[PDB]
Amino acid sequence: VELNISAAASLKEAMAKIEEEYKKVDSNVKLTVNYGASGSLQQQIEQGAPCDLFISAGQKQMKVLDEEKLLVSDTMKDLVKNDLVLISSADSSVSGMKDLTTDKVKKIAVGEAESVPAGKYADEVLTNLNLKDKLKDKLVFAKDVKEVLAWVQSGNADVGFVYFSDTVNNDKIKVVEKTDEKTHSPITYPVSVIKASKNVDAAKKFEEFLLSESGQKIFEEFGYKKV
């Protein structure tokens, strides 16, 4: 059977392992995974694109679809979530957020608050901790998380804010701390079977694998967390 999956492109590295495993888990089904923006994938599903399963970055796109009656609602669940973490150079004395206030911390790298997802949550966290106005003389702004990583690696920034899934298998940086879930809005990836599919039966089975222990640990292998 052929299942069509649309997904946020940030899951591509984790999704390679899932397909590969699922071949062993079920030889019968081959999966064609499609990657794009959750907004545009939302459009294609609204316009009747033959997708069997949808995993978006965030509740927003999925919420519009549920109301628009295009999802099998009982299949609408949270797949994984992400952690905003504080990183630094591997060889520095940063141990916590209280250091950002200190002389020890001169430069803090964050994504652009408006058009970088990690920067939005980073801004949201510093705002709620009342540190945002305290660190304006330290906050430098990057175009993406790669640049936040690179500035922290090369020493251009003392510490940075980034997803934990952006840190896996990288010896050059160290995850100093993890941000409290209660300090920002949930960074979640929902998954749902599409109603217009002709493989609801098979699509349900694949989603169950994704939500199963065998699938969740694969996602943990790439820095994602369960909900």
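Residues carry their position along the shown sequence, with the first being 1.
The stretch 164-172 shows the higher mean C-alpha B-factor when 164-172 is compared against 179-187 in the entry. Taking the PDB entry as given, 25-33 carries the higher mean Cα B factor of the two stretches 25-33 and 188-196. Among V148, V140, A90, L129, the highest C-alpha B-factor in the deposited entry belongs to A90.
Sorting the modelled residues of the chain by their CA temperature factor places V159 in the middle third. For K120, the recorded CA B-factor ranks within the lowest third of the chain. Only modelled residues enter the ranking. In this PDB entry, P50 carries a Cα temperature factor that places it within the highest third of its chain's modelled residues. Remark: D103 belongs to the highest third of its chain, ranked by C-alpha B-factor as recorded. When all modelled residues of the chain are sorted by CA temperature factor, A9 is found within the lowest third.
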